[PDB]
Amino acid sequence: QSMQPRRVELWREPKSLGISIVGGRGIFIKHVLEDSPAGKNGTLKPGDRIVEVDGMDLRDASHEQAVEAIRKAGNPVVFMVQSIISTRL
């Protein structure tokens, strides 16, 4: 698998997007709600790194910065996500 971030579009429903995030001083997905736009997409999982939202860099974002940027996203919400991790041992 490419270790390039991948584009993920979430379509808002008139409630939440369905992700819990942690981190930020990376931004990571902690949980995905099954019955939500994130759950329905099917490709987002705990541990995924959110690197951009709607073209905006979140690599070095604070937690609060990320939260606002995602809350203030339009429709669809476009994420770039890093889903593959390699670890050197």
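Numbers for residues come from their place in the sequence shown, where the first is 1.
Coordinates are given for every deposited residue between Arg71 and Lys72; the gap count there is zero. When all modelled residues of the chain are sorted by CA temperature factor, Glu64 is found within the highest third. Among the modelled residues of its chain, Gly26 has a C-alpha B-factor that falls in the highest third according to the deposited record. Compared with the other modelled residues of the chain, the Cα B-factor recorded for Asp48 ranks in the lowest third. Per the PDB record, residue ranking by Cα B-factor puts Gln82 in the lowest third of the chain. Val32: CA B factor in the lowest third of modelled residues in this chain (values from the PDB entry).
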